Each structure stands twice: as structure tokens, then as C-alpha cells.
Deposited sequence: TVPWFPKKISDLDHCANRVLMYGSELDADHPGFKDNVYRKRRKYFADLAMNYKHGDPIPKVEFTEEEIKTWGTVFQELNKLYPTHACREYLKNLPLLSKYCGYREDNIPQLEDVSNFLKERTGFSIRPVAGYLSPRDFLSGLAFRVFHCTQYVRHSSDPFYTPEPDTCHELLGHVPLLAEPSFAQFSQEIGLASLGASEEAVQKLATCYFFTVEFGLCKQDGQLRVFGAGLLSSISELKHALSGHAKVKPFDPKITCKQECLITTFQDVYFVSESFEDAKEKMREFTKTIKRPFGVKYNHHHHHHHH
């Protein structure tokens, strides 16, 4: 039997200091329903400092590390959505920017959704995003997603039509699929959207969001010390997704158009 899956965007409704603060964010996400403006947050001074460190250090790296599509959209976000060292962008603002650019929108989320539920969001061009800020003790890498990761890792590529299409298609393929198919698609997502490298004018560049928000892993990924294989869905889908550490291997796509084509061939075989 086919599992429940959303048929319209609203069906996604059916999917000590620091701890106290995290509960505040978790409630904002839990109370949200489709159609609501995403609640705006007044960030603390410490939170803004953490953002500023992350933002300043990553922006020194992007020109030499990030793919061209990332770099194209990054300045648009400083102009329209308040991306600056001294200001944490709001999810509602970013959501409205994306809706105009590619039809993508944001929903706040408290922590992880299942891979099935997360991917189902992408089918409607909805990206579930956290709103809290990583703990100030390690700005350079965090093992759980935070708003810095969403805003600097994901958003600039969600604003690119080719990438938005690629992402949506992973979601669309997942809807009502078998457990095994969802796992394979989630793994493909992990090694493209989350931790992908691509080749542009012969150089290795970064498009993975998890790399683009981690000062330390971004540098590691292009350092020459990392293992690197071609993106090939039938092989890549078998690779373990790790969380404690830097990735043991990265996959290299040729372009967003090519990765999209490879996923189209692949998803035929898992229907």
C-alpha cells in the first residue's frame, strides 16, 4: 500500500538559558500553520555575534570556494533580505524573496523531520528551516542544523531556478515512494544539496549547504586532503550519511543540469 503523502502545500501541516531559548523557537515552529506569516524573532546580542563571526569568516572563503550560482545570488540577499554582519535575516523576508525568484517558500521547523516528510516539502517548493542560532562555543561546525546553516547554506541556491528545479524533483520523486526509494533519494539529496561539489571551468567548487555554512568543513572540502568520487546516483545512494564529523567522501557533480539529468535516469529505475 502507498503511504500518506501531501497533495497540496497546506497538507504539510500534517507532518538553562540556552535550553529555555531553544524552547521558545521550538514553540514558534510547533504553533505555525500554512498561511501564517513566519514569526519574526528578536535575536539576542550573543546570537547576533555568533552570526557575525560565521558570516564574516564564510564571506572570506566564498569567492574562492563557492560555485558561481551561489556567488550570483549572495549579493541579492544583502540587498533585499538584510544579510549583514550585524543583522540576522528573518525567515519571513527570505521566504518572500524566494517566492518571487523561484516559487520556493519556507516553513519553520523545530528540529528534524523524517526524510520522507522533509522531501515531501520540496515537492511543493517548501523548505523547512530552523530559526535558532548554534551555540556560541563552536561557530565553525555544528552537528545540528541552525538558522545560520539555513540562511547561508541553503537560501542562496534555492534562489537559482535550475537548483530549485533539481531540489523539487527529488521531492516529487519521493511522494508516496517506498521506504527504500525514499532512503536512496534522501542519500542523493545528502550528497548533492547538503555536501555536493561541482566542476566549473575545470575547478572544484562547493554547492553543498552543509559545507557552505561550516567555516571548517568548507575549507576541508577543497583542501586536497578529502576523498572525492563522481556523482552517480546508483553508487552515491549506497554511501553512509554521517553527522558527528566531516564527511569521509564528497561527490562531484558536473553541473546542476547534469545532476538533474542523472537523477531523472535514476528515478525511472526505482519506480
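Comparing the deposited sequence with the modelled residues shows gaps at 16 to 35, 292 to 307, with numbering starting at 1.
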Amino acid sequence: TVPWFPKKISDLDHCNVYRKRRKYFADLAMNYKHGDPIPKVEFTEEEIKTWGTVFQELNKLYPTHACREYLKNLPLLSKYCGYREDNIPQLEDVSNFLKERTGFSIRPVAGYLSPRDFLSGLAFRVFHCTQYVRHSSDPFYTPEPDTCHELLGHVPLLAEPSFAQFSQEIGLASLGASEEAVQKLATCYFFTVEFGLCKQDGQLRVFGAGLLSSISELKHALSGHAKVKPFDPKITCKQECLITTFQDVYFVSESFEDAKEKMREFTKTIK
From here on, numbers count along this sequence of modelled residues.
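So that the term is clear: the rigid core is the largest set of C-alpha atoms that superpose within 1.5 Å between two forms.
Superposing each structure in 6 other deposited structures of this protein on the rigid core shows that the farther-lying of 61 to 69 and 214 to 222, by root-mean-square Cα distance, is 214 to 222. Farther from the shown form on average, by C-alpha root mean square after a core fit in 6 other deposited structures of this protein, is 128 to 136, of the stretches 91 to 99 and 128 to 136. The mean C-alpha temperature factor is higher for 78 to 86 when 160 to 168 and 78 to 86 are set side by side. In this crystal structure, the stretch out of 227 to 235 and 214 to 222 whose C-alpha atoms carry the higher mean B factor is 227 to 235. Looking at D36, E57, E69, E45, the one whose CA carries the top B-factor in the deposited record is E45. Of the candidates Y189, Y112, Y132, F104, the one whose C-alpha carries the top B factor in the deposited record is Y112. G176: CA B factor in the middle third of modelled residues in this chain (values from the PDB entry). Sort the modelled residues of the chain by CA B factor and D93 lands in the middle third. Ranked against the other modelled residues of its chain, the C-alpha B-factor of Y62 as given in the entry falls in the lowest third.
Among the modelled residues of the chain, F246 sits in the highest third by CA temperature factor in this PDB entry. For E144, the recorded CA temperature factor ranks within the highest third of the chain's modelled residues.
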